[PDB]
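Engineer: File entry29.pdb below, PDB, C-alpha atoms:
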ATOM      1  CA  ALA A   3     143.751 160.383 106.985
ATOM      2  CA  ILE A   4     143.217 160.556 103.153
ATOM      3  CA  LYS A   5     145.020 163.361 101.277
ATOM      4  CA  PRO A   6     143.907 165.061  98.039
ATOM      5  CA  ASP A   7     146.818 163.270  96.258
ATOM      6  CA  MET A   8     147.612 159.631  97.207
ATOM      7  CA  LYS A   9     150.078 157.061  95.788
ATOM      8  CA  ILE A  10     149.231 153.468  94.794
ATOM      9  CA  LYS A  11     151.461 150.372  95.042
ATOM     10  CA  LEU A  12     150.220 146.975  93.875
ATOM     11  CA  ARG A  13     151.312 143.365  93.424
ATOM     12  CA  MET A  14     148.877 140.921  91.779
ATOM     13  CA  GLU A  15     149.570 137.163  91.795
ATOM     14  CA  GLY A  16     147.178 134.974  89.826
ATOM     15  CA  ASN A  17     146.417 132.080  87.519
ATOM     16  CA  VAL A  18     143.969 132.081  84.533
ATOM     17  CA  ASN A  19     143.266 128.703  82.837
ATOM     18  CA  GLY A  20     146.443 127.324  84.608
ATOM     19  CA  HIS A  21     148.670 130.226  83.393
ATOM     20  CA  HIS A  22     150.599 131.766  86.390
ATOM     21  CA  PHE A  23     151.620 135.494  86.401
ATOM     22  CA  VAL A  24     152.884 138.258  88.724
ATOM     23  CA  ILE A  25     152.066 141.917  87.850
ATOM     24  CA  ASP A  26     153.248 145.029  89.774
ATOM     25  CA  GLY A  27     151.714 148.517  89.639
ATOM     26  CA  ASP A  28     152.627 152.058  90.611
ATOM     27  CA  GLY A  29     150.159 154.949  90.398
ATOM     28  CA  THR A  30     148.583 158.055  91.875
ATOM     29  CA  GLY A  31     145.063 159.259  92.365
ATOM     30  CA  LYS A  32     142.795 162.008  93.644
ATOM     31  CA  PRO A  33     140.362 160.350  96.088
ATOM     32  CA  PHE A  34     138.017 163.374  96.386
ATOM     33  CA  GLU A  35     137.896 163.843  92.553
ATOM     34  CA  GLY A  36     137.318 160.069  91.936
ATOM     35  CA  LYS A  37     140.320 159.595  89.543
ATOM     36  CA  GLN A  38     143.223 157.089  89.617
ATOM     37  CA  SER A  39     145.931 156.179  87.111
ATOM     38  CA  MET A  40     148.597 153.483  87.353
ATOM     39  CA  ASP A  41     151.484 151.869  85.405
ATOM     40  CA  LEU A  42     151.269 148.054  85.413
ATOM     41  CA  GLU A  43     154.191 145.741  84.533
ATOM     42  CA  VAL A  44     154.025 141.951  84.005
ATOM     43  CA  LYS A  45     157.006 140.554  86.001
ATOM     44  CA  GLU A  46     156.348 136.778  85.553
ATOM     45  CA  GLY A  47     154.329 134.731  83.055
ATOM     46  CA  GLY A  48     154.449 137.236  80.118
ATOM     47  CA  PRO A  49     153.435 137.468  77.404
ATOM     48  CA  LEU A  50     149.999 136.675  78.940
ATOM     49  CA  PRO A  51     148.128 134.130  76.721
ATOM     50  CA  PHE A  52     144.778 135.857  77.451
ATOM     51  CA  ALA A  53     143.011 139.230  77.194
ATOM     52  CA  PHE A  54     144.515 141.774  79.576
ATOM     53  CA  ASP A  55     141.008 143.385  79.790
ATOM     54  CA  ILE A  56     139.814 140.598  82.205
ATOM     55  CA  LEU A  57     142.387 141.757  84.862
ATOM     56  CA  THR A  58     141.885 145.549  84.788
ATOM     57  CA  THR A  59     138.983 145.856  87.330
ATOM     58  CA  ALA A  60     141.166 143.845  89.826
ATOM     59  CA  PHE A  61     143.839 146.646  89.581
ATOM     60  CA  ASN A  63     140.003 150.769  95.288
ATOM     61  CA  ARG A  64     136.639 152.570  95.645
ATOM     62  CA  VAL A  65     138.446 155.110  97.915
ATOM     63  CA  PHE A  66     138.995 156.764  94.457
ATOM     64  CA  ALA A  67     135.289 157.638  93.983
ATOM     65  CA  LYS A  68     133.660 161.108  94.290
ATOM     66  CA  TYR A  69     131.082 160.727  97.112
ATOM     67  CA  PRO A  70     128.465 163.458  97.620
ATOM     68  CA  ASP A  71     127.841 164.693 101.236
ATOM     69  CA  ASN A  72     124.487 162.780 101.372
ATOM     70  CA  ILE A  73     125.972 159.253 100.900
ATOM     71  CA  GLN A  74     128.039 157.555 103.645
ATOM     72  CA  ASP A  75     131.548 156.940 102.247
ATOM     73  CA  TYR A  76     132.397 153.474 103.679
ATOM     74  CA  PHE A  77     135.775 153.505 101.849
ATOM     75  CA  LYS A  78     137.264 156.813 103.064
ATOM     76  CA  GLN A  79     135.998 155.994 106.625
ATOM     77  CA  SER A  80     137.739 152.552 106.443
ATOM     78  CA  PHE A  81     141.227 154.193 106.746
ATOM     79  CA  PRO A  82     143.752 154.283 108.153
ATOM     80  CA  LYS A  83     143.294 150.509 108.961
ATOM     81  CA  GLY A  84     141.896 149.770 105.456
ATOM     82  CA  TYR A  85     139.417 147.275 103.920
ATOM     83  CA  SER A  86     139.269 144.120 101.722
ATOM     84  CA  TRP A  87     136.982 143.034  98.882
ATOM     85  CA  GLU A  88     136.201 139.663  97.250
ATOM     86  CA  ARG A  89     134.737 139.632  93.726
ATOM     87  CA  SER A  90     133.306 137.056  91.351
ATOM     88  CA  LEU A  91     133.245 137.635  87.554
ATOM     89  CA  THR A  92     130.730 135.375  85.717
ATOM     90  CA  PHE A  93     131.087 135.550  81.879
ATOM     91  CA  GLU A  94     128.307 134.477  79.479
ATOM     92  CA  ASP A  95     130.381 131.501  78.022
ATOM     93  CA  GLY A  96     131.129 129.845  81.438
ATOM     94  CA  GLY A  97     134.356 131.787  82.213
ATOM     95  CA  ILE A  98     134.606 132.402  86.002
ATOM     96  CA  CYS A  99     137.120 134.601  87.909
ATOM     97  CA  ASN A 100     137.516 135.073  91.689
ATOM     98  CA  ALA A 101     139.585 138.115  92.738
ATOM     99  CA  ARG A 102     140.469 139.545  96.174
ATOM    100  CA  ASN A 103     142.319 142.722  97.321
ATOM    101  CA  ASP A 104     143.477 143.546 100.896
ATOM    102  CA  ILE A 105     144.110 147.366 100.953
ATOM    103  CA  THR A 106     146.284 149.093 103.580
ATOM    104  CA  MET A 107     147.578 152.681 103.853
ATOM    105  CA  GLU A 108     151.084 153.730 104.976
ATOM    106  CA  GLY A 109     151.442 157.533 104.959
ATOM    107  CA  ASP A 110     150.500 158.878 101.481
ATOM    108  CA  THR A 111     150.450 155.357  99.891
ATOM    109  CA  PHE A 112     147.741 152.651  99.397
ATOM    110  CA  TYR A 113     149.272 149.140  99.251
ATOM    111  CA  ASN A 114     147.233 146.486  97.382
ATOM    112  CA  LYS A 115     147.671 142.718  97.727
ATOM    113  CA  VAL A 116     145.700 141.367  94.741
ATOM    114  CA  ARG A 117     144.928 137.736  93.983
ATOM    115  CA  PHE A 118     143.155 136.806  90.715
ATOM    116  CA  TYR A 119     141.972 133.306  89.700
ATOM    117  CA  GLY A 120     140.290 132.576  86.332
ATOM    118  CA  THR A 121     138.996 129.227  84.976
ATOM    119  CA  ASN A 122     136.651 127.601  82.444
ATOM    120  CA  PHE A 123     137.501 130.023  79.577
ATOM    121  CA  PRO A 124     136.814 128.146  76.330
ATOM    122  CA  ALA A 125     140.130 127.962  74.344
ATOM    123  CA  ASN A 126     138.222 129.287  71.212
ATOM    124  CA  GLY A 127     136.568 132.226  73.055
ATOM    125  CA  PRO A 128     137.421 135.955  73.037
ATOM    126  CA  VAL A 129     139.467 135.899  76.309
ATOM    127  CA  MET A 130     141.920 133.074  75.347
ATOM    128  CA  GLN A 131     142.021 134.320  71.669
ATOM    129  CA  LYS A 132     142.544 138.019  72.733
ATOM    130  CA  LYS A 133     139.548 139.485  70.840
ATOM    131  CA  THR A 134     138.510 141.994  73.597
ATOM    132  CA  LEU A 135     138.670 145.766  72.974
ATOM    133  CA  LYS A 136     137.395 147.431  76.193
ATOM    134  CA  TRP A 137     134.958 147.463  79.091
ATOM    135  CA  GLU A 138     131.780 149.492  78.549
ATOM    136  CA  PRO A 139     131.050 152.159  81.181
ATOM    137  CA  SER A 140     128.581 150.801  83.813
ATOM    138  CA  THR A 141     126.744 151.641  87.092
ATOM    139  CA  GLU A 142     127.497 149.600  90.244
ATOM    140  CA  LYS A 143     124.415 148.921  92.429
ATOM    141  CA  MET A 144     125.485 149.274  96.132
ATOM    142  CA  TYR A 145     123.335 147.690  98.903
ATOM    143  CA  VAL A 146     123.622 145.595 102.090
ATOM    144  CA  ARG A 147     123.181 141.792 102.080
ATOM    145  CA  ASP A 148     123.173 140.127 105.591
ATOM    146  CA  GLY A 149     125.345 142.860 107.196
ATOM    147  CA  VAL A 150     127.873 143.069 104.274
ATOM    148  CA  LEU A 151     128.154 145.914 101.742
ATOM    149  CA  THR A 152     127.626 144.301  98.298
ATOM    150  CA  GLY A 153     127.992 145.736  94.801
ATOM    151  CA  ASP A 154     126.541 144.356  91.538
ATOM    152  CA  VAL A 155     127.439 145.269  87.915
ATOM    153  CA  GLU A 156     125.878 143.875  84.704
ATOM    154  CA  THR A 157     128.317 144.969  81.942
ATOM    155  CA  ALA A 158     130.166 143.746  78.862
ATOM    156  CA  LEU A 159     133.451 143.762  76.998
ATOM    157  CA  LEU A 160     133.257 145.097  73.442
ATOM    158  CA  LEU A 161     134.863 142.490  71.072
ATOM    159  CA  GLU A 162     136.234 142.909  67.529
ATOM    160  CA  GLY A 163     133.398 142.588  64.916
ATOM    161  CA  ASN A 164     130.498 144.586  66.516
ATOM    162  CA  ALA A 165     129.891 142.065  69.384
ATOM    163  CA  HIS A 166     129.645 142.200  73.197
ATOM    164  CA  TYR A 167     130.766 139.629  75.754
ATOM    165  CA  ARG A 168     128.632 139.993  78.915
ATOM    166  CA  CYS A 169     129.920 139.779  82.526
ATOM    167  CA  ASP A 170     128.204 139.974  85.935
ATOM    168  CA  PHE A 171     130.290 141.255  88.886
ATOM    169  CA  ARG A 172     129.310 140.723  92.541
ATOM    170  CA  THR A 173     131.788 142.376  95.024
ATOM    171  CA  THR A 174     131.707 142.217  98.865
ATOM    172  CA  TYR A 175     133.469 144.961 100.868
ATOM    173  CA  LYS A 176     134.626 144.662 104.510
ATOM    174  CA  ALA A 177     136.311 147.322 106.664
ATOM    175  CA  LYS A 178     139.098 145.983 109.011
ATOM    176  CA  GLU A 179     137.647 148.077 111.912
ATOM    177  CA  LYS A 180     134.365 146.730 113.321
ATOM    178  CA  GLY A 181     132.184 149.888 113.854
ATOM    179  CA  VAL A 182     132.509 151.473 110.355
ATOM    180  CA  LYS A 183     128.787 152.091 109.663
ATOM    181  CA  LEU A 184     127.385 150.676 106.394
ATOM    182  CA  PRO A 185     125.964 153.217 103.928
ATOM    183  CA  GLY A 186     122.499 153.270 102.459
ATOM    184  CA  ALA A 187     122.015 151.810  99.006
ATOM    185  CA  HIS A 188     123.372 153.968  96.150
ATOM    186  CA  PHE A 189     125.071 153.778  92.719
ATOM    187  CA  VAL A 190     128.662 154.252  91.493
ATOM    188  CA  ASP A 191     129.034 155.236  87.822
ATOM    189  CA  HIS A 192     132.501 154.129  86.555
ATOM    190  CA  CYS A 193     134.705 154.144  83.403
ATOM    191  CA  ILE A 194     137.975 152.143  83.062
ATOM    192  CA  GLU A 195     140.359 152.677  80.070
ATOM    193  CA  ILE A 196     143.795 151.375  78.972
ATOM    194  CA  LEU A 197     145.509 154.704  77.999
ATOM    195  CA  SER A 198     148.625 152.955  76.565
ATOM    196  CA  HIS A 199     150.124 149.456  76.086
ATOM    197  CA  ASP A 200     153.187 147.721  74.570
ATOM    198  CA  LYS A 201     153.047 144.793  72.066
ATOM    199  CA  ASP A 202     151.796 142.015  74.370
ATOM    200  CA  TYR A 203     150.405 144.189  77.205
ATOM    201  CA  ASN A 204     153.586 143.660  79.289
ATOM    202  CA  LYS A 205     153.412 147.439  80.200
ATOM    203  CA  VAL A 206     149.953 149.111  80.538
ATOM    204  CA  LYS A 207     148.748 152.553  81.702
ATOM    205  CA  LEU A 208     145.248 152.241  83.261
ATOM    206  CA  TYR A 209     142.810 155.065  84.192
ATOM    207  CA  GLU A 210     139.604 154.730  86.280
ATOM    208  CA  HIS A 211     137.061 157.501  87.169
ATOM    209  CA  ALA A 212     134.088 156.848  89.545
ATOM    210  CA  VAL A 213     131.168 159.018  90.860
ATOM    211  CA  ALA A 214     128.702 157.947  93.577
ATOM    212  CA  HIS A 215     125.081 159.161  93.244
ATOM    213  CA  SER A 216     121.485 158.400  94.370
ATOM    214  CA  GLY A 217     120.260 157.909  90.742
ATOM    215  CA  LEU A 218     119.049 161.514  89.998
TER
END
Would you mind writing the file's structure down as C-alpha coordinates?

Structural biologist:
Amino acid sequence: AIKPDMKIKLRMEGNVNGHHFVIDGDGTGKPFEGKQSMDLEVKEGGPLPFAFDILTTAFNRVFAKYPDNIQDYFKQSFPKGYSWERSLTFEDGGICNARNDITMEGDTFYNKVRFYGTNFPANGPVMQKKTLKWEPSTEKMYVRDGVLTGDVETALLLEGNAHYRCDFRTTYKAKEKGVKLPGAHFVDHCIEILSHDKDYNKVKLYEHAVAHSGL
(Lines of atoms letter the chains of each structure in order from A and count residues from 1; the text may use other names and numbers.)
(Lines give C-alpha, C1' and ligand atoms only; values in the text may rest on other atoms or scores of the structure.)
Protein backbone atom coordinates (compact mmCIF):
# COMPACT_ATOMS: atom_id res chain seq x y z
CA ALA A 1 0.00 0.00 0.00
CA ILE A 2 2.91 2.34 1.03
CA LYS A 3 5.58 3.06 -1.61
CA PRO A 4 9.26 3.90 -1.01
CA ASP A 5 8.48 7.49 -2.17
CA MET A 6 5.18 9.12 -1.08
CA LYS A 7 3.75 12.65 -1.53
CA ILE A 8 2.27 14.82 1.25
CA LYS A 9 -0.59 17.35 0.98
CA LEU A 10 -1.71 19.35 4.01
CA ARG A 11 -4.12 22.09 5.08
CA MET A 12 -3.94 23.35 8.69
CA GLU A 13 -6.66 25.65 10.09
CA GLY A 14 -6.10 27.02 13.58
CA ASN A 15 -6.23 29.79 16.15
CA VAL A 16 -3.49 30.71 18.71
CA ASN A 17 -4.39 33.33 21.37
CA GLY A 18 -7.41 34.34 19.15
CA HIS A 19 -5.25 34.75 15.98
CA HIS A 20 -6.82 32.77 13.04
CA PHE A 21 -4.62 31.29 10.22
CA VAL A 22 -4.72 28.82 7.30
CA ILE A 23 -1.45 27.12 6.21
CA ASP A 24 -1.02 24.71 3.24
CA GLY A 25 1.83 22.24 2.71
CA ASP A 26 3.27 20.14 -0.09
CA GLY A 27 6.04 17.58 0.47
CA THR A 28 7.53 14.15 -0.11
CA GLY A 29 8.97 11.48 2.09
CA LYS A 30 10.56 8.05 2.30
CA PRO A 31 8.44 6.03 4.76
CA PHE A 32 10.90 3.10 5.07
CA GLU A 33 13.89 5.49 5.60
CA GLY A 34 11.96 7.62 8.18
CA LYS A 35 12.46 11.00 6.36
CA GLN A 36 9.93 13.66 5.25
CA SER A 37 10.30 17.20 3.92
CA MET A 38 7.59 19.73 3.08
CA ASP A 39 7.06 23.34 1.88
CA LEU A 40 4.56 25.23 4.07
CA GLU A 41 2.81 28.47 3.01
CA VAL A 42 0.69 30.75 5.24
CA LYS A 43 -2.45 31.52 3.15
CA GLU A 44 -4.48 33.49 5.76
CA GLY A 45 -3.57 35.35 8.96
CA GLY A 46 0.10 36.15 8.06
CA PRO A 47 2.41 37.45 9.26
CA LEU A 48 1.77 35.13 12.27
CA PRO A 49 2.12 37.12 15.56
CA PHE A 50 3.70 34.09 17.30
CA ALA A 51 6.62 31.65 17.04
CA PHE A 52 6.26 29.36 14.02
CA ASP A 53 8.16 26.68 16.05
CA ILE A 54 4.96 25.87 18.09
CA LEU A 55 3.19 24.64 14.87
CA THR A 56 5.91 22.46 13.30
CA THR A 57 5.17 19.12 15.10
CA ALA A 58 1.50 19.47 13.90
CA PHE A 59 2.80 19.46 10.25
CA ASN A 60 2.68 11.45 10.25
CA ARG A 61 4.57 8.63 12.04
CA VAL A 62 4.20 6.57 8.79
CA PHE A 63 7.54 8.40 8.08
CA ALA A 64 9.48 6.49 10.78
CA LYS A 65 12.04 3.66 10.25
CA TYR A 66 10.55 0.64 12.10
CA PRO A 67 12.75 -2.41 12.74
CA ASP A 68 11.25 -5.90 11.97
CA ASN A 69 10.81 -6.60 15.74
CA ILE A 70 8.37 -3.71 16.45
CA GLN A 71 4.76 -3.75 15.14
CA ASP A 72 4.35 -0.75 12.80
CA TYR A 73 0.81 0.47 13.66
CA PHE A 74 1.15 3.37 11.16
CA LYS A 75 2.11 1.50 7.97
CA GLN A 76 -0.54 -1.18 8.82
CA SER A 77 -3.20 1.59 9.22
CA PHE A 78 -3.28 2.20 5.40
CA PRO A 79 -4.89 2.38 3.01
CA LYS A 80 -7.84 3.57 5.23
CA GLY A 81 -5.53 5.75 7.41
CA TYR A 82 -5.45 6.94 11.05
CA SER A 83 -6.00 10.06 13.23
CA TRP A 84 -4.14 11.52 16.20
CA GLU A 85 -5.05 14.06 18.92
CA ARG A 86 -2.23 15.85 20.78
CA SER A 87 -1.92 18.17 23.74
CA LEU A 88 1.11 20.50 24.16
CA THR A 89 1.56 21.77 27.77
CA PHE A 90 4.23 24.54 28.06
CA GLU A 91 5.93 25.45 31.36
CA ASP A 92 4.38 29.03 31.46
CA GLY A 93 0.70 27.86 31.11
CA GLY A 94 0.57 27.86 27.27
CA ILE A 95 -1.70 24.99 26.06
CA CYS A 96 -2.24 23.71 22.48
CA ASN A 97 -4.64 21.01 21.23
CA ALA A 98 -3.91 19.67 17.72
CA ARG A 99 -5.57 16.94 15.62
CA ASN A 100 -4.74 15.36 12.21
CA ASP A 101 -6.98 12.97 10.18
CA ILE A 102 -4.64 11.24 7.63
CA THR A 103 -5.90 9.53 4.45
CA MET A 104 -4.05 8.08 1.43
CA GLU A 105 -5.09 8.43 -2.23
CA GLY A 106 -2.64 6.62 -4.53
CA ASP A 107 0.92 7.91 -3.84
CA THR A 108 -0.32 10.84 -1.66
CA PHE A 109 -1.04 11.30 2.10
CA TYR A 110 -3.71 13.99 2.70
CA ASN A 111 -3.63 15.71 6.13
CA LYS A 112 -6.51 17.65 7.69
CA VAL A 113 -4.81 19.51 10.57
CA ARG A 114 -6.50 21.57 13.26
CA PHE A 115 -4.37 23.50 15.80
CA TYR A 116 -5.69 25.48 18.81
CA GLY A 117 -3.38 27.41 21.19
CA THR A 118 -4.33 29.50 24.27
CA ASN A 119 -3.02 31.00 27.52
CA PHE A 120 0.34 32.15 26.05
CA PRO A 121 1.52 35.08 28.18
CA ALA A 122 1.85 38.17 25.88
CA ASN A 123 5.42 38.75 27.32
CA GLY A 124 6.57 35.12 26.82
CA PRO A 125 8.84 33.59 24.15
CA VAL A 126 5.98 32.31 21.90
CA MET A 127 4.08 35.64 21.52
CA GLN A 128 7.42 37.62 21.43
CA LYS A 129 9.02 35.19 18.85
CA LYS A 130 12.13 34.30 20.91
CA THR A 131 12.19 30.55 19.96
CA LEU A 132 15.10 29.09 17.95
CA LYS A 133 14.35 25.34 17.56
CA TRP A 134 13.04 22.11 19.06
CA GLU A 135 15.65 19.90 20.73
CA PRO A 136 15.82 16.30 19.46
CA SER A 137 13.78 13.97 21.76
CA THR A 138 12.59 10.35 22.27
CA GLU A 139 8.84 9.57 22.16
CA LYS A 140 7.73 6.91 24.69
CA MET A 141 5.12 4.64 22.96
CA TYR A 142 2.74 2.49 25.09
CA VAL A 143 -0.94 1.49 25.39
CA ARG A 144 -3.35 3.28 27.76
CA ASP A 145 -6.89 1.68 28.03
CA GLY A 146 -6.77 0.17 24.50
CA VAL A 147 -5.31 3.33 22.80
CA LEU A 148 -1.74 3.75 21.52
CA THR A 149 -0.29 6.76 23.42
CA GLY A 150 2.98 8.64 22.98
CA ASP A 151 4.71 10.95 25.49
CA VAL A 152 7.57 13.45 24.90
CA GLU A 153 9.29 15.68 27.50
CA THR A 154 11.25 18.22 25.39
CA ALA A 155 12.04 21.91 25.04
CA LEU A 156 12.43 24.80 22.63
CA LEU A 157 15.83 26.50 22.72
CA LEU A 158 15.28 30.30 23.18
CA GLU A 159 17.62 33.23 22.44
CA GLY A 160 20.00 33.87 25.43
CA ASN A 161 21.03 30.30 26.51
CA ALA A 162 17.54 29.31 27.83
CA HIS A 163 15.06 26.45 27.29
CA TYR A 164 11.27 26.54 27.26
CA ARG A 165 9.92 23.11 28.28
CA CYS A 166 6.93 21.31 26.69
CA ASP A 167 5.18 17.98 27.41
CA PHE A 168 3.43 16.25 24.47
CA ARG A 169 0.82 13.49 24.92
CA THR A 170 -0.48 12.07 21.55
CA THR A 171 -3.21 9.42 21.02
CA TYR A 172 -3.24 7.43 17.76
CA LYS A 173 -6.28 5.58 16.31
CA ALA A 174 -6.45 3.49 13.12
CA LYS A 175 -9.74 3.89 11.10
CA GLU A 176 -9.94 0.06 10.69
CA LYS A 177 -10.90 -1.81 13.87
CA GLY A 178 -8.56 -4.89 13.93
CA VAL A 179 -5.17 -3.11 13.44
CA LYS A 180 -3.25 -4.74 16.33
CA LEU A 181 -1.55 -2.38 18.82
CA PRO A 182 2.24 -2.67 19.10
CA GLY A 183 4.25 -3.34 22.22
CA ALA A 184 5.79 -0.38 24.00
CA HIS A 185 8.83 1.14 22.24
CA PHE A 186 10.60 4.47 21.53
CA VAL A 187 10.77 6.81 18.52
CA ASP A 188 13.86 9.05 18.34
CA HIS A 189 13.03 12.19 16.27
CA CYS A 190 14.61 15.46 14.98
CA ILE A 191 12.60 18.33 13.38
CA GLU A 192 14.36 21.29 11.65
CA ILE A 193 13.29 24.40 9.67
CA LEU A 194 15.72 24.17 6.66
CA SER A 195 14.68 27.59 5.25
CA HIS A 196 12.25 30.49 5.93
CA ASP A 197 11.29 33.94 4.57
CA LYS A 198 11.10 37.16 6.67
CA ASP A 199 8.00 36.40 8.77
CA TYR A 200 7.88 32.60 8.28
CA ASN A 201 5.21 32.95 5.54
CA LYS A 202 7.15 30.24 3.53
CA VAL A 203 9.00 27.46 5.47
CA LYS A 204 10.83 24.26 4.45
CA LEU A 205 10.51 21.64 7.25
CA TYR A 206 12.43 18.33 7.62
CA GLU A 207 11.66 15.50 10.09
CA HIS A 208 13.60 12.19 10.59
CA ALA A 209 12.35 9.43 12.98
CA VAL A 210 13.70 5.97 14.03
CA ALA A 211 11.79 3.43 16.17
CA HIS A 212 13.83 1.28 18.60
CA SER A 213 13.54 -0.84 21.79
CA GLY A 214 16.06 1.37 23.71
CA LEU A 215 19.32 -0.58 22.95

Engineer: Could you tell me which of A:197, A:72, A:81, A:31 comes closest to residue 108 in chain A if we count all atoms listed in the file?

Structural biologist: A:81

Engineer: Can you tell me which residues surround residue 125 in chain A at a distance of at most 12 Å, considering only C-alpha atoms, apart from same-chain residues fewer than 5 positions away, and format the answer as an NGL selection string?

Structural biologist: :A and (18-19 or 51-53 or 95-97 or 130-132)

Engineer: For those residues, write C-alpha atoms to a file as a CSV table (one decimal), keeping the file's coordinate frame.

Structural biologist:
chain,number,residue,atom,x,y,z
A,18,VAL,CA,144.0,132.1,84.5
A,19,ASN,CA,143.3,128.7,82.8
A,51,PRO,CA,148.1,134.1,76.7
A,52,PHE,CA,144.8,135.9,77.5
A,53,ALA,CA,143.0,139.2,77.2
A,95,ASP,CA,130.4,131.5,78.0
A,96,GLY,CA,131.1,129.8,81.4
A,97,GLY,CA,134.4,131.8,82.2
A,130,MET,CA,141.9,133.1,75.3
A,131,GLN,CA,142.0,134.3,71.7
A,132,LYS,CA,142.5,138.0,72.7

Engineer: Identify all residues satisfying the PyMOL selection byres ((chain A and resi 42) around 6) in the given file; provide them as a PyMOL selection string.

Structural biologist: chain A and resi 26-27+41+43+205-206

Engineer: Each residue of range 70-96 of chain A lying at most 6 Å from range 167-170 of chain A should get a row with its shortest atom-to-atom pair and the distance in Å to one decimal, counting only C-alpha atoms; could you produce that, ordered by chain and increasing number, as a tab-separated table?

Structural biologist:
residue	atom	partner	partner_atom	distance
A:91	CA	A:170	CA	5.8
A:92	CA	A:170	CA	5.3
A:93	CA	A:169	CA	4.4
A:94	CA	A:168	CA	5.6

Engineer: Assuming the chain letters and numbering stay as they are in my file, what does the PyMOL selection byres ((chain A and resi 25) around 10) actually select? List them as a list in words.

Structural biologist: residues 12, 13, 14, 15, 16, 23, 24, 26, 27, 42, 43, 44, 45, 46, 47, 48, 61, 116, 204 and 205 of chain A

Engineer: Those residues with C-alpha atoms, as a PDB file, in the frame of the given file please?

Structural biologist:
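Below is the file again_25.pdb, written as the result:
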ATOM      1  CA  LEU A  12     150.220 146.975  93.875  1.00  0.00           C
ATOM      2  CA  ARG A  13     151.312 143.365  93.424  1.00  0.00           C
ATOM      3  CA  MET A  14     148.877 140.921  91.779  1.00  0.00           C
ATOM      4  CA  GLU A  15     149.570 137.163  91.795  1.00  0.00           C
ATOM      5  CA  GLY A  16     147.178 134.974  89.826  1.00  0.00           C
ATOM      6  CA  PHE A  23     151.620 135.494  86.401  1.00  0.00           C
ATOM      7  CA  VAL A  24     152.884 138.258  88.724  1.00  0.00           C
ATOM      8  CA  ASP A  26     153.248 145.029  89.774  1.00  0.00           C
ATOM      9  CA  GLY A  27     151.714 148.517  89.639  1.00  0.00           C
ATOM     10  CA  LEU A  42     151.269 148.054  85.413  1.00  0.00           C
ATOM     11  CA  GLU A  43     154.191 145.741  84.533  1.00  0.00           C
ATOM     12  CA  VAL A  44     154.025 141.951  84.005  1.00  0.00           C
ATOM     13  CA  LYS A  45     157.006 140.554  86.001  1.00  0.00           C
ATOM     14  CA  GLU A  46     156.348 136.778  85.553  1.00  0.00           C
ATOM     15  CA  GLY A  47     154.329 134.731  83.055  1.00  0.00           C
ATOM     16  CA  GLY A  48     154.449 137.236  80.118  1.00  0.00           C
ATOM     17  CA  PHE A  61     143.839 146.646  89.581  1.00  0.00           C
ATOM     18  CA  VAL A 116     145.700 141.367  94.741  1.00  0.00           C
ATOM     19  CA  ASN A 204     153.586 143.660  79.289  1.00  0.00           C
ATOM     20  CA  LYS A 205     153.412 147.439  80.200  1.00  0.00           C
TER      21      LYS A 205
END

Engineer: So which residues touch residue 111 in chain A within 7 Å, counting only C-alpha atoms, skipping near sequence neighbours fewer than 2 positions away, as an MDAnalysis selection string?

Structural biologist: chainID A and resid 8:10 107:109 113

Engineer: Measuring atom to atom with only C-alpha atoms, identify which of A:124, A:184, A:209, A:4 is nearest to residue 148 in chain A.

Structural biologist: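 Closest to residue 148 in chain A, using only C-alpha atoms: A:184.
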
Engineer: Go through A:112, A:189, A:137, A:118 one by one, measure the shortest atom-to-atom distance of each to residue 28 in chain A using all atoms listed in the file, and give the residue with the smallest value.

Structural biologist: A:112

Engineer: In Å, how far is it from CA of residue 6 in chain A to CA of residue 68 in chain A?

Structural biologist: 11.6 Å

Engineer: Just give me the gap between CA of residue 77 in chain A and CA of residue 37 in chain A in Å, one decimal is fine.

Structural biologist: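 Pair CA of residue 77 in chain A / CA of residue 37 in chain A returns 14.5 Å.
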
Engineer: Can you work out the spacing between CA of residue 55 in chain A and CA of residue 120 in chain A in Å, to one decimal?

Structural biologist: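 Going from CA of residue 55 in chain A over to CA of residue 120 in chain A covers 12.7 Å.
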
Engineer: Once you count only C-alpha atoms, which residues end up no further than 7 Å from (132.5, 147.1, 83.6) in the file's frame, shown as a VMD selection string?

Structural biologist: chain A and resid 137 to 140 155 157 to 158

Engineer: Let me have the centre and edge lengths in Å, one decimal, of the box along x, y and z around every listed atom of range 138-142 of chain A with 8 Å of margin on each side, as lines of an AutoDock Vina configuration file.

Structural biologist:
center_x = 129.3
center_y = 150.8
center_z = 84.4
size_x = 21.0
size_y = 18.7
size_z = 27.7

Engineer: I'd like to know which of A:30, A:164, A:63, A:100 is closest to residue 135 in chain A, using only C-alpha atoms.

Structural biologist: A:164

Engineer: When you count only C-alpha atoms, which of these residues is closest to residue 150 in chain A: A:88, A:202, A:104, A:35?

Structural biologist: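 The shortest atom-to-atom distance to residue 150 in chain A comes from A:88.
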